Amino acid sequence: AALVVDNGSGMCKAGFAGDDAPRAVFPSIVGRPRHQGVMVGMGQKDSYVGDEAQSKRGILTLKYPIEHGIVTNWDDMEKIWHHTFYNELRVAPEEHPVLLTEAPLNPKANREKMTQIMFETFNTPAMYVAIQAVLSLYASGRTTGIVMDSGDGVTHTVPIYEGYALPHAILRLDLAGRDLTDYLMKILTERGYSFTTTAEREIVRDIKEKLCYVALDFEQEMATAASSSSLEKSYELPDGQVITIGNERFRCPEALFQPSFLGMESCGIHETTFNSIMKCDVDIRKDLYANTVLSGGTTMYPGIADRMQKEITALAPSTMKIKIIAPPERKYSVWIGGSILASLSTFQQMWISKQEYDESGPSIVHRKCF
Amino acid sequence: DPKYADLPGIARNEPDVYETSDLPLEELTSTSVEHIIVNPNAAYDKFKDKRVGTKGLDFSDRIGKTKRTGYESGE
Amino acid sequence: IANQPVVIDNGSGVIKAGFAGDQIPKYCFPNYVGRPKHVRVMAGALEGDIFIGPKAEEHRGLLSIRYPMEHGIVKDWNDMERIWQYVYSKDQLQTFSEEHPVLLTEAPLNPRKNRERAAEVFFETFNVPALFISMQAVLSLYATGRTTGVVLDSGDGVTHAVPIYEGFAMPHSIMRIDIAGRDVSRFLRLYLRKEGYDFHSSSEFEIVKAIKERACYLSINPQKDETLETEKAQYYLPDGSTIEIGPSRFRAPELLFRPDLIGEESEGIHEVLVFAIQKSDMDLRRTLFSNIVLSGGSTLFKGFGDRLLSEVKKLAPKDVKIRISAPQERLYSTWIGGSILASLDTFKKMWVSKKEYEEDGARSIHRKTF
Amino acid sequence: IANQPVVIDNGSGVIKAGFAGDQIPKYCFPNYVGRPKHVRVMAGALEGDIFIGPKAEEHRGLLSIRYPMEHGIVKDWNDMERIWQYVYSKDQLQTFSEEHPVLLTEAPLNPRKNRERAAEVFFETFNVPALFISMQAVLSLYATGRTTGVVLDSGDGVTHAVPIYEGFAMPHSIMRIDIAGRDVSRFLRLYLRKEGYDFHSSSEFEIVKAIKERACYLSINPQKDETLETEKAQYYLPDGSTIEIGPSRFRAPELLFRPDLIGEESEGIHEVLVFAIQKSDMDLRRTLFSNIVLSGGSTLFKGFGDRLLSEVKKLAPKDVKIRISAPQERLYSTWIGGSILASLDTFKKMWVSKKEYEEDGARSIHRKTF
Ligand SMILES: Nc1ncnc2c1ncn2[C@@H]1O[C@H](COP(=O)(O)OP(=O)(O)OP(=O)(O)O)[C@@H](O)[C@H]1O
Ligand SMILES: Nc1ncnc2c1ncn2[C@@H]1O[C@H](COP(=O)(O)OP(=O)(O)O)[C@@H](O)[C@H]1O
Ligand SMILES: Nc1ncnc2c1ncn2[C@@H]1O[C@H](COP(=O)(O)OP(=O)(O)O)[C@@H](O)[C@H]1O
């Protein structure tokens, strides 16, 4: 009996260890109302969380507590974890030990303060923080190979060979789902359809998930988009109003492969995956090309795998065979790994206990992280 | 001044600028290392009359004809 | 054609026209179409069903005001064509549009359909030699005569902050919010009804804009002025009747700096300025704080510069020099910039010729914009 | 030749240029090509798409930085051509390349293709009378005015140790390691992200280099200073914001002494020096240990001399006299050596003439360099 709780910037995936898929999946947001001095009606919650805030988007100002895999407002994150254990999962945190997930190369204060809350506020019996990328490999039953776990908050590239990780080869890029969502708003505003508010940004994320797809040749796709209106698809908003996004459909996910569009002055998700493999030892490169995994929900774009293969193959040597690993459950790839890890009898020892936390302090986490 | 006097919707008796109040080697002094004073004029004089023999010179990774020592002698 | 170019500012509230030779705009009239309020069947009433600028101001109470441009976007194009036709009337300028070339001043990050249709009208309806669409922010710097400078241009329709350093505008650091002078006029009408004076009519909305422009001061501390008993300064209406404004005077334009009070999800005028600087690169931040320029009519509020300086200082880093350099001609700054730009021989290269638009295509106007 | 020969110290971090005989290099500017990343909209902005040296330093925030040479190997030659062109331009020495001979200063044990292309550019693109390529270490000894000494030259790009006894330099005892000042700045950036301050931008990476030079001390005992709670020393960024560096201050420069931290299997700077002496013949070991000369900018770290003297003493034999001598101008020591060598009449014989290069080709340069 143990709890796996993925603390993703976009969506918080929580559930019991051993189960196939996560029990409760809700958007990680806190909804505070745009209140005036006028008195409010009955059935009023001071701050709404998750699926409740997703229902009452109209009035509530949606504030994401985790920004680029860094917890900015801890009071907000506490209210999400309270919604996770007590309401969503229907379980006491004192009974079950809780596994959390942190992105690699995050600030040290993040891991420090995270565990402090779990030990003091919720009074958990044991707490282990893990790298999202390390878990994602277990999903595919692969010990060897690199992963390109692109989330809503961040995208990170962690090469692991024969159950041994290369820490110095790890590269983090701040370009992620939320930056693409923010980019899609700007180009939709250029077409005509203006989306400004926090509630409207959530509707633009629903537009992104459904329509947007990765093009094989961007320049070739822009030529077909100009000539014919075949790529132009219609989407119905919450309001009866319908919109035809056009070429901006395949223009949004292009930002992943060339950040110049967003204006970050950084390497693309294809180029960073190559650079990470080159930073590793020369011998093991072979297996990393052969076992390139794509994880998170930012790798569920239709035809990212085809475009990824093409771009890596061009950069990589001709003799090498480049196979991209795209399992059907990419969105729940971080959690399903956690469920496999927590269930294993070997992992029982690796848990950090309250007694261990009390004596040493919150600094113990940095030793027993990975 | 007379240009802006002509127009109706102009700021009159307002300050133009709103501004804030105007607010007004450790290794090179180490014990371990011995600090030398570089005098190129002195250095130039010491090497002044020193020459090199560029005849039969080959520093390259050429195997032929045993070992070689570049810059044979002066004068 | 060598004949003098005609600058025209597309201000949502007031459009400012004139020749490039003039130091100031000779002809500037309100941007609204005036039709008779009662649907005219009979003779002896207001004839034509069109009253623009000074003719409208004379017979204002009889007519019904309808603004053609909202939030820096043209809603009714038929109305805007009549307005631009009145610019080339006997009343203002008194010239052929076919002879003189034109310069438009569209707000930043507007819809591309707005720019394309604006060009189509000015090339097809009027037989213009050449047209050039430009950004309102870039012009404001030419007027003042400095290359570096952030331009907080608070218009009637839109308030936007564009950072430009050494003649280089960062397009990602641009910030645009819809809460502008027109919204302040709308919110003042609500507070005037809370004082007990209704301005229900579209004509009666114009005198609320006059009340705002005459008497509305921005308090340095809003909470202290609320507790203090007001003088209740009397304003005289067109009919002759007096109205005591009282606390509505100062707590109306406050909604610029704090738009959450009414319940509008926006950043605020102090916030968009700071955010635009913070979004830009770290090296430039100090110089961009050291060079801020106020543009448009919604900066002329009494004690705007005093409040903004205070609200920027607390958000901005400590011990940083913040100079908010307002010109004396803030309302007419955007046009004067265009008048200088138009006069230069470089402008001859920048604009798009009528024959160029026929051959090149639609993109011609967009690609030459920058 | 009557015209003085120009000394150019082609350093990875800073390229130092000047005329032979001069006591100090008159014109020393940072080695990078700055291109504007933001768009030009206004007229009168900064002219050219290439900014090099002091103009690039002033307008750093506007530009995207790109180092042409990495680890003493010219990666992009087009860029290296533009910086050498800028040395001869009006801003720096302001003379024709055809009239003055050149003295280039490359690092030891660099690729042969680098020396070949370096010559090709300096003879074809610039029609120079004569070029001599020399080692950095050999010059550093002429500056101090000593015939016997080992030269530990820790530069920005590469750190190397060359044992030189009574004029002769032992080519098999040369020790070179890629880990250097620029890897310390790269390793500092990684630890600053762990502390929770991000510097993703190429312009922001130059601020990390500024933080390194100002606030980073090498602790005499590494394991001792790790455990003890450190005083969190605040540093002021260009914008004004304060960062607490904390443990990253002293952990960052330790990379030079322990290359295992970044994860490269190479010798430490302390191991490089002793290995270079131990590789030399038995008789000269005592004289080389007695005569140690530190060079390059990366030796200027606070407590470098103290730590190195501690580390060398443990690896070196018992009861041997270890005197580490520092010239006050460590940074400019390499160039001053070049000026003294260039001023001697013996340098005339050492040169490769245009005709000599044109006849034999690449071989002539490889024959006469060390
Ligand atoms: N099918 C899809 N196609 C395209 N984009 C998607 C799709 N599903 C989700 N996304 C986008 O990618 C993000 C994926 O978030 P996800 O559910 O993987 O959680 P997360 O916060 O990224 O967690 P983690 O970092 O642990 O992977 C969403 O926020 C959304 O913006
Ligand atoms: N003297 C003033 N005091 C206060 N508000 C003013 C004043 N003059 C104009 N305004 C406000 O500013 C608006 C004018 O905006 P304007 O500068 O013409 O915008 P644009 O830059 O788009 O042309 C008016 O409609 C009014 O709301
Ligand atoms: N005061 C300082 N403290 C620490 N490191 C420094 C200091 N000054 C310069 N450096 C480092 O030394 C570098 C300069 O290298 P330099 O000696 O000019 O190279 P080269 O010897 O290859 O010509 C800088 O880029 C920086 O990384």
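Residues numbered from 1 in each chain as written, not as in the entry; some residues may be left out. Chains lettered and ligands numbered in written order. Part of a larger assembly, values for the part shown. Heavy atoms only, no water. Residues with missing side-chain atoms left out of burial classes, pairs and counts.

- The record names cryo-EM as the way this model was obtained, at a resolution of 6.8 Å.

**Observations regarding the sheet that holds strand β5 (residues 51-52) of chain D**
Strands belonging to one sheet form pairs held by backbone hydrogen bonds; the direction of such a pair is parallel or antiparallel.
Residues and elements named next belong to chain D.
No. 1: Pairing is antiparallel in the open sheet, where three strands are placed in the order β5-β4-β6. The open sheet has two edge strands with one neighbour each: β5 and β6 (63-64).
No. 2: Pairing between strand β4 (residues 33-36) and β5: two bridges, direction antiparallel. Bridged to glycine 34 within β5 is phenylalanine 51.
No. 3: Along the sheet, helix α2 (residues 77-88) contacts β4 and β5; its crossing angle with β4, the most-contacted strand, is approximately 105°. (Pairing = 2+ DSSP bridges. Helix = DSSP H or I, 4+ residues; strand = E, 2+ residues; numbered from the N terminus. Contact = heavy atoms within 4.5 Å. Axes fitted to C-alpha atoms, helices over the stretch in contact; angles between N-to-C directions.)

**Re the packing of helix α4 (residues 136-144) of chain D against helix α12 (residues 333-343) of chain D**
To describe two helices that pack against each other, one gives the angle between their axes and the distance between the axes.
Residues and elements named next belong to chain D.
No. 1: In contact at an axis separation of 7 Å, α4 and α12 are set at 75° when each is read in the N-to-C sense. Put simply, α4 runs roughly perpendicular to α12. Facing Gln136, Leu139, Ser140, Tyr142 and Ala143 of α4, the residues of α12 in contact are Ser333, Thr334, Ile336, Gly337, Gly338, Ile340 and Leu341.
No. 2: A breakdown of the residues in the contact of α4 with α12 according to their chemical character gives six nonpolar, six polar and no charged. (Parallel < 35°, antiparallel > 145°, perpendicular 65-115°, else oblique. Nonpolar A, V, L, I, M, F, W, Y, C, P; charged D, E, K, R; others polar.)

**A word on the site of ligand 2**
Residues and elements named next belong to chain C.
No. 1: Near ligand 2 there are 16 residues, and of these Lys16, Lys212, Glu213, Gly297 and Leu331 occur at the shortest range.
No. 2: Here an oxygen atom of ligand 2 and a side-chain polar atom of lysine 16 are 2.7 Å apart.
No. 3: Here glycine 297 contributes a backbone N or O atom positioned 2.6 Å from an oxygen atom of ligand 2.
No. 4: If ligand 2 stood free it would expose 580 Å²; the protein chains cover 93% of that surface.
No. 5: Take the shell around ligand 2: its biggest share by element is three residues, from helix α6 (residues 202-214).
No. 6: Grouping the constituent residues of the shell around ligand 2 by class yields three nonpolar, six polar and seven charged. (Near = heavy atom within 4 Å. Polar contact = N/O pair within 3.5 Å; in protein donor to acceptor, adjacent residues only side chain to side chain. Areas by Shrake-Rupley, 256 points an atom, 1.4 Å probe, with all protein chains shown as cover.)

**Considering the arrangement of the chains**
No. 1: A comparison of contact numbers over the five pairs of chains in contact places chains B and D at the top.
No. 2: At no point do chain A and chain B touch; the closest pair of C-alpha atoms across them sits 28 Å apart.

**Remarks on the pairing of β4(D)**
No. 1: Of the pairings in the sheet, the one linking β4(D) to β6(D) comprises two bridges and is antiparallel in character. Of the residues in β6(D), the one forming a bridge with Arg35(D) is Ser64(D).

**Notes on the site of ligand 3**
All names here are of chain D.
No. 1: Neighbouring ligand 3 are 18 residues, the closest being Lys16, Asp156, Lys209, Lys212 and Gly297.
No. 2: With respect to ligand 3, the backbone of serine 298 contributes an N or O atom lying 3.5 Å from an oxygen atom.
No. 3: Surface burial for ligand 3 is 91%, taken as the share of its 590 Å² of free accessible area covered by protein chains.
No. 4: Mapped onto the shell around ligand 3, the elements with two or more residues apiece are β2 (14-19) and α6 (202-214).
No. 5: Ranked by residues supplied to the shell around ligand 3, first place goes to α6 with three residues.
No. 6: Of the residues assigned to the shell around ligand 3, the class counts are four nonpolar, seven polar and seven charged.

**Remarks on the sheet that holds strand β6 (residues 63-66) of chain C**
All names here are of chain C.
No. 1: Across the sheet, three strands lie side by side as β5-β4-β6; this open sheet has antiparallel pairing. For this open sheet the edge positions go to β5 (51-52) and β6, each flanked by a neighbour on one side alone.
No. 2: Across the sheet, helix α2 (residues 77-87) lies against β4 (33-36), β5 and β6, angled at about 110° from β4, the strand it touches most.

**Notes on the interface of chain D and chain B**
No. 1: Facing 38 residues of chain D, the contacting portion of chain B comprises 28 residues.
No. 2: Here chain D and chain B share an interface that buries about 3100 Å² over both sides, 59% of which is from carbon and sulfur atoms.
No. 3: Its largest share of buried area at the contact with chain B, chain D owes to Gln328(D), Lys349(D) and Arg367(D), together 18% of the area lost on that side.
No. 4: Taken together, the connections running from chain D to chain B amount to three salt bridges.
No. 5: Close ionic contact of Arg51(B) with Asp345(D) constitutes a salt bridge, the shortest N to O distance being 4.0 Å.
No. 6: Where chain D meets chain B, there are 15 residue pairs in polar contact.
No. 7: Secondary structure elements with two or more residues in the side of chain D that touches chain B: α4, α11 (304-315), β18 (324-327), α12, α13 (346-350) and α15 (362-368) of chain D.
No. 8: Class assignment of the residues belonging to the side of chain D that touches chain B gives a composition of 16 nonpolar, twelve polar and ten charged.
No. 9: Of the strand pairs in this sheet, strand β2 (residues 34-36) of chain B and β18(D) are connected by three bridges, and their pairing is parallel. If you follow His35(B) over to β18(D), its bridge partner there is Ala326(D). (Buried area = accessible area lost by both parts, 1.4 Å probe. Salt bridge = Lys/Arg side-chain N within 4 Å of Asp/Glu carboxyl O.)

**Section: the packing of aromatic side chains**
No. 1: On inspection of all chains with the given rule, the structure shows 35 aromatic pairs over all chains.
No. 2: On the numbers, 5.5 Å between centres and 70° between planes, the contact of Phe218(A) with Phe261(A) is edge-to-face. Of the two residues, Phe218(A) is situated in helix α7 (residues 218-227) and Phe261(A) in the loop between α9 (254-257) and α10 (269-279); the sequence distance between them amounts to 43 residues.
No. 3: On the accessibility criterion, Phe218(A) (6% relative accessible area) is buried.
No. 4: Of the residues examined, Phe261(A) reaches a relative accessible area of 24% and is grouped as partly exposed.
No. 5: Between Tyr32(D) and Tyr67(D) the ring centres are 5.9 Å apart and the planes differ by 70°, which places this aromatic pair in the edge-to-face class. Taken as a pair, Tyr32(D) in the loop between β3 (27-30) and β4 and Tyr67(D) in the loop between β6 and β7 (69-70) lie far apart in primary sequence, 35 residues in all. (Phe/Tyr/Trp six-rings, centres within 6.5 Å; stacked < 30°, edge-to-face > 60°. Buried < 20%, exposed > 50% of the residue type's maximum accessible area, 1.4 Å probe, protein only.)

**Details of the domain arrangement of chain C**
Accessible area lost when the parts come together is the quantity often used to give the size of an interface.
Residues and elements named next belong to chain C.
No. 1: Split into domains, chain C comes out as domain 1 (1-136 + 334-368), domain 2 (137-178 + 267-333) and domain 3 (179-266).
No. 2: Summarising the inter-unit geometry, the C-alpha centres of domain 1 and domain 3 are found 31 Å apart.
No. 3: Each side of the interface is counted separately: domain 1 has twelve residues, and domain 3 has ten residues.
No. 4: Carbon and sulfur atoms supply 44% of the area that domain 1 and domain 3 bury against each other, a total of about 840 Å² over both sides.
No. 5: Of all residues in domain 1, the largest losses of buried area upon contact with domain 3 belong to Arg60, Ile65 and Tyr67, amounting jointly to 61% of the total for that side.
No. 6: Scanning the region where domain 1 abuts domain 3 turns up one salt bridge.
No. 7: Notably, a salt bridge pairs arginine 60 with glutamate 206, separated by 3.5 Å at the nearest N-O pair. (Domains from an automatic or database assignment.)

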